[PDB]
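Okay, so here's just one chain, in structure tokens, the form deposited without this ligand.
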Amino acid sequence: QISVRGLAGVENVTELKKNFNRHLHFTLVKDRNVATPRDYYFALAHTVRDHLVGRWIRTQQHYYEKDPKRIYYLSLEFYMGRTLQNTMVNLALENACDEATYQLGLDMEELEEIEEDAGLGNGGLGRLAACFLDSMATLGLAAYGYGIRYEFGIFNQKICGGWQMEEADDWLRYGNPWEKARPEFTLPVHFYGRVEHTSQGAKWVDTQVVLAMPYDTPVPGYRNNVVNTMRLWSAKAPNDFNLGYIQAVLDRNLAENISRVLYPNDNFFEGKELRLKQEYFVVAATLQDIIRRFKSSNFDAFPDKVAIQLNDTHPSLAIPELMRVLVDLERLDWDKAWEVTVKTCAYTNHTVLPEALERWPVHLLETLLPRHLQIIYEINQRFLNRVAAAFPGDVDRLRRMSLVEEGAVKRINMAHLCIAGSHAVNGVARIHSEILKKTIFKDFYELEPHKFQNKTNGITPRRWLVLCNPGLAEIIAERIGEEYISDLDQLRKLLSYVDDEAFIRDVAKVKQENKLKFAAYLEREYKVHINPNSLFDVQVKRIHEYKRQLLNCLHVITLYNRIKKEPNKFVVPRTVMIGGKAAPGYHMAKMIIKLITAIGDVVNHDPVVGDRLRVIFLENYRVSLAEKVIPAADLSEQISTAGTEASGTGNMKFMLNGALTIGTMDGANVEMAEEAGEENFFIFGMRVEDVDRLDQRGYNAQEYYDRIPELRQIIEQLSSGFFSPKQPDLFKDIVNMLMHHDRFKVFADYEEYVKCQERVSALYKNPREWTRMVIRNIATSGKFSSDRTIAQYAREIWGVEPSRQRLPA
């Protein structure tokens, strides 16, 4: 059909059709007369997977012969989504498979919709891991993703009576054709036990053993014939485990529970034992694998051959585990082992929210990992000795910088352990990296200024342009060719088309087609009727007080009250769509979902409103729903309180896909606005500086309520039961929080938000100028490619050169 989807050669199509029928027969043991769409999806998945195998074996072979420096990306989360379309895109197979499926009488797009998301992450951090794997493969880096093969990923979200219900994400029920079990590379992981001290040093004894079985998933680079590995560990019990008889076999599940379920909290630490077991399990199995590979290339060369990147503190135990292996098992002296550990490890910080920072109780580490606690205390003593020598007499600094926090319960500050044990610490957007140096890590910065870097986040333009928005990919490729897909900076060439009438028409046409296709998707799968000629106002991201879905709710209720006051006045029609999951135990996030649906129940059924205002809660927001709604969006809502959103990556997805942004100067929004120009961005609200000034004098919500009549009306509607007729007091927790305990200062940004939202409506009245501003955004989105991000990690942290040069086919 379209050029960027590759060639449909006669030999290629014939060969794909024959392998599809071979897999249907031999692999699936189905004849054509009883095969379901699911059988057809699986036959296609096996057929495309076949094109990976040769490339995967050769790539791993090449890394054994060349022995380059190896990058190990340790994450507890990989938010992968679907693999089929991504594999076809990266192997240039998409048009050939479309053609081959069409000739067998099937619709490939309908087969793609059958694949389950690999939902092994919560949101931004897990999805950053997935974008990074794709960029590392595209840039020809000898990179490995290491994590946990959770049996249940992020829960499926159902809305029942406007409330979130959670269902188990049984993503493996029908099998995973993309993973290969490697039961032969199964490794032991130790828990509990005690430390004996001998003449020959410390010994960890009387441990419980859990086996880690690896599952390898291929990670294809963009048309470079490179296929890297994501290795995920599954927990298995040993066969002597608990070995009356029946109960001993049934109790094997205590051990296998380690890899059973992803913790579903975004930016919230829960100090549970099972979570600490998950953290050690991935770190222990992964470091044995790293060391095995290194010994098949003394430990002085380890950091020339190994980089370990820590995705937040979740795998921070990699630092004491590497010390334990180097000191206790390899018998290196402390100082040499520490040198190797620091040069090997690098720490990416993703948050400043205090309740998200990992602080493990000592009694927990004492029971589960006694030797790691000893090594952590030893790290702390030698670290505090360097602090004392550099800042003599500064006793408050010693208390603040300690890895051990004193109090009710002693805690380990895992962030402090990562800075001490890493040669590089980075934040994930320039303002976030500046805030790390000025606030939470100020003391560490003053000791070791050299460790602190910025690596601004990015997104892969493969999944987030070519895959989700082929029509936009194509009109761009019509003008400037295909090269931009692996060199996004080339999109700047689009600034010379900002006054080209045909290009303006094509950009608006693709947006309109994406909106029709998504409006129809809503009708088919969830029986809801939306005006496709309305402005698509989209806020999709996890439900969080800091992301201020509530600020958006206040705007929606304002528009509603303005329509009801002046029913017969023109307003730009909007479809306001909000989606995201709340953590199951996060009461306020569950109330916010319920408020969103309750506003919808009132606004969507008022005949005076008509099709001028619609409020839709998008159910089960996940990677595959993001691929559908983001290409359909006109307005991107990035409205976090200044200083709370470390980066965001949603923001980038929307910029790439032809939506204008309304946002605060938070996270990468600052850099997006700098790249596009402030005049091409709907910036409103407090800067970081303004929030600090408000904090010094005290945030009084009552002040905003007394001075803004439009705001007081909304709070009185909420209180009195305007939106909950049967349960008048349903939303009292929301009102009470907005009036007395709002950490994120929702009212402080209300006036400037509504005014700025009026400026959005005004520009939307002028299609041509709206589209010209969209072109200025797409044209300057190049910086926000994960290829740029990874090239910066490679050069400035890992010490390796990226390469766009192809392996042979």
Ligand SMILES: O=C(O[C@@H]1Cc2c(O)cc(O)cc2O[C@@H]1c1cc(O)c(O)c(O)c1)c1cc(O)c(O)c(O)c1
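Quick note: we count residues from 1 along the sequence shown, nothing fancier.
Not pictured, yet referred to below: the form solved in complex with this ligand.
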Counting ligand atoms of this ligand within 2.4 Å of any backbone or C-beta atom, after superposition from its pose in the entry with it bound, shows the site to be open
Candidate site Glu109, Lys517 and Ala520: all three near this ligand in the entry with it bound by heavy atom within 4.5 Å: yes
Using a 4.5 angstroms cut-off on non-hydrogen atoms, would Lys438 count as touching this ligand in the entry with it bound?
no
**Asked** Taking heavy atoms and a 4.5 Å cut-off, does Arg693 contact this ligand in the entry with it bound?
**Response** no
* To do: Using the partner position in the entry with it bound, report whether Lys527 sits within 4.5 Å of this ligand, counting heavy atoms only.
  => no
Whether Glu703 contacts this ligand in the entry with it bound should be assessed with a 4.5 Å heavy atom distance threshold; does it? no
None of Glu483, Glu113, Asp601, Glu196 but one has a heavy atom within 4.5 Å of this ligand in the entry with it bound; the exception is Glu113
If we test each of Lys628, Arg707, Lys158, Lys493 for a heavy atom within 4.5 Å of this ligand in the entry with it bound, the one that passes is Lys628
Taking this ligand in the entry with it bound and a 4.5 Å non-hydrogen atom cutoff, the residues of 62-81 making contact are none
